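Working notes for the structure below.
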Amino acid sequence: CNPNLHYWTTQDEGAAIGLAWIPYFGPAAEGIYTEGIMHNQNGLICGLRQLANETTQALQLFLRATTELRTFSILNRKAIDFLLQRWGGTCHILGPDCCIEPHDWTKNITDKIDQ
Amino acid sequence: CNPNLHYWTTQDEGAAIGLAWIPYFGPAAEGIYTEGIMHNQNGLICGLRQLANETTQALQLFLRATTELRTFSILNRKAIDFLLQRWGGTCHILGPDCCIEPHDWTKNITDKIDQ
Amino acid sequence: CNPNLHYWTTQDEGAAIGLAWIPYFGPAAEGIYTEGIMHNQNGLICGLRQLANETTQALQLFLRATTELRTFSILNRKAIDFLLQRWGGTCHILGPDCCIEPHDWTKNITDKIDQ
Amino acid sequence: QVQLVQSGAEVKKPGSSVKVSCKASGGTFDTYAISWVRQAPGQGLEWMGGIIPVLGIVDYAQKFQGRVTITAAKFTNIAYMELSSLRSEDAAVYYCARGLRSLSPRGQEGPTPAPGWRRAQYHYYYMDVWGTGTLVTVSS
Amino acid sequence: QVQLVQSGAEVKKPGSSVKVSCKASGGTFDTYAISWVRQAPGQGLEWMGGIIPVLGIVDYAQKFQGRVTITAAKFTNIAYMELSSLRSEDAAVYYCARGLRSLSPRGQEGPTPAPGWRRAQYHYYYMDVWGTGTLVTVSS
Amino acid sequence: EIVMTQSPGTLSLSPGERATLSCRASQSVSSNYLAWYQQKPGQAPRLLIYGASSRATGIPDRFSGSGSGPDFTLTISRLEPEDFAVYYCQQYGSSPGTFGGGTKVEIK
Amino acid sequence: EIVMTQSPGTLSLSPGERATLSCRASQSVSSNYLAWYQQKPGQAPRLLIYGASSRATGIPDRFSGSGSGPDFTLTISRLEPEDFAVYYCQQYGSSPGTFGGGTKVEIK
Amino acid sequence: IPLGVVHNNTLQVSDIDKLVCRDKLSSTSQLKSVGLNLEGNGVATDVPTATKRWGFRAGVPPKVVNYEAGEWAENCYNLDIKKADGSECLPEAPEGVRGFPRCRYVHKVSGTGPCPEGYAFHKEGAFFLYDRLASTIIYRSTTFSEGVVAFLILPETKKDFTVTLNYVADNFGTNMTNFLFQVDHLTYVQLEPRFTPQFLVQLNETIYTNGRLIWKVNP
Amino acid sequence: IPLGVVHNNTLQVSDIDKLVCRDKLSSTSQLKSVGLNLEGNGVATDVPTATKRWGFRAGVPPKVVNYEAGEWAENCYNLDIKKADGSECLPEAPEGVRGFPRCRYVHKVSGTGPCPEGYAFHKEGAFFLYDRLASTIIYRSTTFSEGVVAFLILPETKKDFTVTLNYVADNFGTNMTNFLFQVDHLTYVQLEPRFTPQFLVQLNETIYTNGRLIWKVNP
Amino acid sequence: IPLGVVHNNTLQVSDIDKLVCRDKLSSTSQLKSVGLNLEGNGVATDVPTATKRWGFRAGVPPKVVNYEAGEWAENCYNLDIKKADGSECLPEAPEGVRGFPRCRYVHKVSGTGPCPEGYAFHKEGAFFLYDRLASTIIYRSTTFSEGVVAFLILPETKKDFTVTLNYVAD
Ligand SMILES: *[C@@H]1O[C@H](CO)[C@@H](O[C@@H]2O[C@H](CO)[C@@H](O[C@@H]3O[C@H](CO[C@H]4O[C@H](CO)[C@@H](O)[C@H](O)[C@@H]4O)[C@@H](O)[C@H](O[C@H]4O[C@H](CO)[C@@H](O)[C@H](O)[C@@H]4O)[C@@H]3O)[C@H](O)[C@H]2NC(C)=O)[C@H](O)[C@H]1NC(C)=O
Ligand SMILES: *[C@@H]1O[C@H](CO)[C@@H](O[C@@H]2O[C@H](CO)[C@@H](O[C@@H]3O[C@H](CO[C@H]4O[C@H](CO)[C@@H](O)[C@H](O)[C@@H]4O)[C@@H](O)[C@H](O[C@H]4O[C@H](CO)[C@@H](O)[C@H](O)[C@@H]4O)[C@@H]3O)[C@H](O)[C@H]2NC(C)=O)[C@H](O)[C@H]1NC(C)=O
Ligand SMILES: *[C@@H]1O[C@H](CO)[C@@H](O[C@@H]2O[C@H](CO)[C@@H](O[C@@H]3O[C@H](CO[C@H]4O[C@H](CO)[C@@H](O)[C@H](O)[C@@H]4O)[C@@H](O)[C@H](O[C@H]4O[C@H](CO)[C@@H](O)[C@H](O)[C@@H]4O)[C@@H]3O)[C@H](O)[C@H]2NC(C)=O)[C@H](O)[C@H]1NC(C)=O
Ligand SMILES: *[C@@H]1O[C@H](CO)[C@@H](O[C@@H]2O[C@H](CO)[C@@H](O)[C@H](O)[C@H]2NC(C)=O)[C@H](O)[C@H]1NC(C)=O
Ligand SMILES: *[C@@H]1O[C@H](CO)[C@@H](O[C@@H]2O[C@H](CO)[C@@H](O)[C@H](O)[C@H]2NC(C)=O)[C@H](O)[C@H]1NC(C)=O
Ligand SMILES: *[C@@H]1O[C@H](CO)[C@@H](O)[C@H](O)[C@H]1NC(C)=O
Ligand SMILES: *[C@@H]1O[C@H](CO)[C@@H](O)[C@H](O)[C@H]1NC(C)=O
């Protein structure tokens, strides 16, 4: 695989723009992306290529199951499943399922027990 | 009402597909659904129809209230409301509403009390 | 500025409609809004206009940065950030990080001590 | 105002097939029954079946069974009769008229069915709009 | 290059109304001021009001008040002068011309204000493109 | 089809004279749906009466029909030169409807 | 309307001859916006000068105007057969603009 | 929108204002929009009735919702409704809209009428259920069932929760409307509302056998 | 993108990375998008200004967001703008877009000019507010107000939170735009920037009463 | 749909049913949809290969997902293909579609053929990567890279994250 990555991304940086925010005062085409070159530290990029190929199968199986044509809500949906997975109903405080950190409640619980 | 339900759903399963995930290498339109027949166990089939009729009035009232032509967003929006209802970004441990299960937390608290 | 506000909103109530809920049995477009007039309580009216103008820059930078023409899901996305900000799948309580109030839990620690 | 118009006069040979035409000219024939007559010299108006371009049923007159086709293209403004096995007795001035300006199933009456056998139904109404005539001259 | 084309010569009777047409011919008349003249024999060019197809207003000449309609269809390439109540004095060669090919404020001139009363304003510029002419012969 | 006849078959009348035309069907006409129409030789026909007595659109008061069952008439008041046409009847109350052979109105 | 005259009204010239034409308005012309144009019989007129002296598009150096107020001239050098035209003036410095009666240039 | 929840094999309805902590939604995979047909309520599904259930109104923005699952239809409709002059009455199905493929019988209807300006729509507000889409609008030549929709939270369990008829319309509901059932251009059945799709097929076989322009049932 | 929050009728603004444990959001019904007009901000609202504050650029994609609530407009625009040869200047509004119905006056403007290629956008980025929709582009023959959009969280409380003026344009801003206000197709008045929608109505009624091609106010 | 997660420059893949109490998602700004090219995986990017990767089938609804970031493409393709009878073969790009913004070479191809009914598509299921849009379909005159789409979670860190060829089809 190729360990030398030339990548580009969206210029989605928030406080990057002064008055050029206006729709027709900015490039609005090619000058709205940032880019750079990075080495494939730890083989991460090659790992992502494999992920992306496996993801494509999962993704098209998903897409074929819907009527939406152009989506993006799919990533927000992943955020939703993240939140639901983690807290879909009740919180089991000592359960591995809530991912609540009650352990340092010991400091405040012990202070109360000791009185 | 009709207690005999002949139903269908989407073949939205993942691990059902080998290489046929490629959308141009299978039916990709008519042959992508499941079917079956079920009895009105516990009155569910006719009960759902009544829910659906009640939902229909509510929904068209909610649809006239928007601008989006195609709602795809309802499942995600409601998942968001479900978490917000249970936890609207605020929590009272002693409130019956935070949906907290401290039953074994109690055991860890009393284990500390007894030291 | 104009300290006063003449506003309208959508008739997005629940069972406010009888049989006219059917979109083809009522205005379904112009007569489906409510209105009223309010004073500049606490400086709110001109304050909101400034917020909306600051929001407009943030929003159009976002829009320039996306591909979706009708991003109507933006406010649900905002609800997701509310939830992630408040609880990014991990819940810490000693810091005001998950916004859980354990403070009156003191009474339940006391009751456990006394059982 | 719609003016129904026939084609002009023509001379035909016996045994020929004459395509008798009417143009709506200020309307179309779409869903109306266009009824036809044969004004043979010295005669009254002998009736032929109504044509409905956008048909369900179109009729055929009993005296013209096997002789006159009643037909038009859907949503057209030209209506036709096809007169086969033409005879000198068919020399006539032909006319078209709108005889029920809506062939809904209301205009469908006839003899009743028998158990095991059915009679078809058709009923035309007032020929309120009449066109010009065409003289078909027939030799023998 | 646009070359305006006027219709050819015609003979008209007194009392008639002559609608004189000119084609833009390599352009259109859309928002342009198309001025007209009447070159009666022995005379110079008698001026007539400018036509804007896509008009706000159009102008008129004083000698033709109640006599000439100044008009063209929106976004067209044909401009017209309607010369009513034709008299032998109207026997002339008429021409169309482009001058101020954009009616705008430089093209809005007229008598000064008289508070309580109002004046319309219109003006045309140097005529660079002249079309062919039409001789209208007027009987008497 | 249906058999229909007309009578007297000839009417010798003066312009301005009132006269009555008769038509007879072999069968009663449901809803009294008999039409009257007229044409002079060389002309296309025009509907005068529908429904036994009712006047067709654009038809003057001079034309007034009547009748019931199989028996129908048309009375023409003040007959004008333009009305010395051959009058024909057609049954619309049944199916197939039918035309009569015509009654000739001519100037005396 | 606005009155305008022209003079001498006739110029009998030899081809190649230099000559001056004159126009007079009853009123001063704003911004010296007087036009000169010419036509031979049978031809549409063509703008020669605009703005009192400026040459119109496609106009040769032989045509040069001048003047101020109501008083304007046109000088034609090396007069060619094509220039034995009737010259006319028009005022664009007022409204409605107006035309003169023409000055005829003819071959001697 | 109330949310039905299936719990212990029972369908319960959770009013949104009521909090049920025992309901666990671990994933959006548990959230399903269901299309249900107006058959399961015991009402008539024939053509004359369906026509009575349809009408037109302008000034209404169009609306579509999606769905994931639903009921099978005994009967659907496929409409290509024209004006007397041949122009369209119905809107074209927009990209992504497909006819519903799960009908034992489809009442394909064409013919002509005045089609007052507006969208053809359902009189009781039933949704037209299209393939995985539902709307309040009828689209050209697109199959749909009439129905209602519901939204449920399902439990984390492994439950998994043709014949074309052709009719000729008459003015689409202008007080007096009659339909013909068409077999061929020479072969028709007068349509009487008390007869089923099966009846029409059986009568079609009878007429077919006996030489085949429009005939009555004669009971 | 900041979110306003209303607490005891006082605006607070919650930043994306600032955690506010007092912001209680039980459901998305508390989340609103609000359109406000560029009127209460103290700016000029006439036709010449509207032209000056607009401009064009090609190669800039369209962008749309929606809203549920907003301000009433004193001054809306409805533009049907053409090129000198009759070609359309403005783009067609996409399906579902309706002109904004909440205007006391609508500055309906037509006329011609060069219309530089591109879409018409606001100079400082104000949104064109259509019925319940905000976008960066001006669309043809569609009514809109001009403004800004806020997002906010409401507390759970029960507060519930025409005249057409026809004008003709002159070249759409090519160092002058002499607008005339149309009284009739044969009567036009020079538009002066200090003549408000109300004065224009008075001028129309007065000259009509008095018999009316161009006139000036002569105040 | 799995989610990649970046952990101090190490990858782990989070399954839907895999619970990690260590993974904090403070904002949706940490989520990305990334378009990766079929280049760094060592496959052929030449002309006959790209053609072999493409084919036609009807009866498939079209699908699009967006993306926010992606890889630089050395080899993009741009097709403007007509039918043997001279009419258009490929579908028009839908509103919002522009070609891939970052290509070193664009293998623009025109020409004609029988155009089997259907959409031109990738044999392997790869996506046609357009400007911040990925689809399963080739569109007229529009540049795309060939690739795949990953979804992932990034850490809260400040890492940021032409030549035209002209070919003819036969
Ligand atoms: C959810 O569930 C409810 C029931 O709980 C359904 O509501 C009623 O359903 C009944 C049918 O079971 C409807 O009754 C029928 O309505 C037809 C339509 O009429 C419309 O138009 C007239 C004006 O012409 C209006 O006055 C009327 O309100 C409607 O808008 C009538 O044509 C029917 O009459 C004919 O059939 C009956 C036999 O069924 C004969 O007895 C009659 O003589 C006649 O021949 C009949 O009245 C009723 O209208 C529905 N609504 C109400 C408020 O009661 C909902 O429809 C269901 N939800 C959905 C989406 O379907
Ligand atoms: C959000 O709120 C902010 C304020 O906090 C607004 O920003 C400023 O608003 C003021 C008006 O209140 C603007 O001032 C005016 O800008 C005009 C435009 O200038 C640009 O465009 C012209 C034409 O192409 C160029 O020549 C020029 O160089 C600039 O590029 C000027 O034309 C105005 O001057 C005229 O009017 C004033 C009276 O208002 C007279 O005194 C002058 O002599 C002259 O006749 C004036 O300068 C200011 O530009 C805005 N921006 C900034 C950075 O300050 C936002 O507009 C508002 N946003 C929204 C969406 O509502
Ligand atoms: C994700 O990653 C996986 C690998 O882990 C890729 O999966 C497969 O990869 C192999 C190797 O590249 C592909 O195999 C090649 O297919 C070509 C196409 O053949 C088609 O036509 C023939 C008929 O002529 C059919 O029998 C066949 O099924 C196909 O429909 C062949 O031409 C190739 O042959 C050449 O290379 C091989 C070595 O690989 C030599 O042995 C041969 O002699 C010859 O030189 C080869 O067989 C395979 O097709 C891929 N699977 C799929 C489903 O396409 C995924 O492609 C990748 N996914 C993404 C999106 O990137
Ligand atoms: C009416 O019955 C006939 C006879 O079965 C049907 O015609 C046949 O349809 C099948 C397909 O389902 C064809 O394979 C046969 O060749 C057809 N036979 C013929 C025309 O003789 C007909 O489709 C039925 N009905 C209607 C309502 O159209
Ligand atoms: C200008 O004045 C005319 C004349 O009154 C107004 O036009 C009338 O509008 C009413 C409706 O409000 C109609 O019923 C009349 O028939 C119209 N009259 C004519 C002659 O058209 C016109 O609306 C006014 N325009 C303004 C104030 O912009
Ligand atoms: C239907 O009947 C009513 C009377 O009950 C009548 O007013 C209406 O015009 C009729 N409509 C049609 C289309 O015949
Ligand atoms: C506007 O005026 C400037 C000089 O200030 C000039 O350069 C420009 O060309 C003019 N624009 C138009 C459209 O007339």
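Every residue, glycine among them, receives a Cβ derived from its backbone with ideal geometry; neighbour counts consider all protein chains shown. A short reminder: the numbers here are calculations on the coordinates, not readings from a lab.
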Unit charges on C-beta of K, R, D, E only; dipole of the stretch C:22-115, Debye: 340 debye
Within a 10 angstrom radius of each residue's Cβ in E:24-31, how many Cβ atoms of other chains show up on average? Whole number is fine. 2
Taking a point 7 Å out from Cα toward Cβ as the label site, list the nm distances between A:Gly95 and the same residue in every other copy, smallest first. 2.1, 2.7
Compute the Cα gyration tensor for the stretch G:4-107, then decide on rounded, prolate or oblate, letting a ≥ b ≥ c be the square roots of its eigenvalues: rounded whenever a/c is under 1.5, prolate when a/b is larger than b/c in the other cases, and oblate in all that remain. prolate
Within straight-line cross-link reach of D:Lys63, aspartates and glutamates at Cα separation under 15 Å, skipping those fewer than 8 residues along the same chain: D:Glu46, D:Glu82, D:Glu89, D:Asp90, F:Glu1
Rounded to whole angstrom, how close does the nearest chain C beta-carbon get to the axis mapping C onto B, and which residue is it? C:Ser73, 3
Sort G:52-63, F:7-18, E:97-108, H:176-187 by packing, meaning the average of other beta carbons within 10 Å per residue, with the highest value first. E:97-108, H:176-187, G:52-63, F:7-18
How many nanometers, to one decimal and shortest first, lie between the label point of F:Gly69 and those of its other copies, if labels sit 7 Å from Cα toward Cβ? 11.2
One decimal, nm, nearest first: from C:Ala65 to the same residue in each other copy, label points 7 Å out along Cα→Cβ, the values are 3.1, 3.1
What does the C-alpha gyration tensor say about the overall shape of the protein assembly as shown? Classify as rounded when a/c is under 1.5, otherwise prolate if a/b is larger than b/c, or oblate. oblate
Based on the mean of other Cβ atoms within 10 Å per residue, sort peptides A:58-67, H:139-148, C:92-101 so the most packed one is first. H:139-148, A:58-67, C:92-101
Which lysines, if any, have their Cα less than 28 Å from the Cα of B:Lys112, not counting same-chain residues under 8 positions apart? A:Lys107, A:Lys112, C:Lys107, C:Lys112
From other protein chains only, count the Cβ atoms within 10 Å of every residue's Cβ in E:115-128, then give the mean. 6
Near the axis that takes chain F to chain G, which F residue has its beta carbon closest, and at how many Å? F:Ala44, 32
Shape verdict for the stretch E:71-123, please, from the Cα gyration tensor: rounded (a/c under 1.5), prolate (a/b greater than b/c) or oblate. oblate
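Sum -39500 (n - 2.57) across every DSSP H segment of at least 4 residues in chain J, then divide by the residue count to get the 222 nm mean residue ellipticity, nearest 500. Don't jump to the answer; show the numbers that get you there.
On the way: 1 runs with 6 residues, N = 170.
Mean residue ellipticity, 222 nm, calculated: -1000 deg cm²/dmol.
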Near G:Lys104, which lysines are there with a Cα under 16 Å away, not counting those fewer than 8 places off in the same chain? G:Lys40
If you take every DSSP beta bridge fully contained in the protein assembly as shown, what fraction is antiparallel? Give it as a percent rounded to 5. 75 percent
Other-chain or far-sequence residues with amide H under 5 Å of H:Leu90's (modelled H): H:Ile81
Within 10 Å of each Cβ in H:83-90, the average number of Cβ atoms from other chains: 3
What is the local net charge at G:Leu79, summed over the other residues whose Cβ is closer than 12 Å to its Cβ (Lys, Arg +1; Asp, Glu -1)? -1
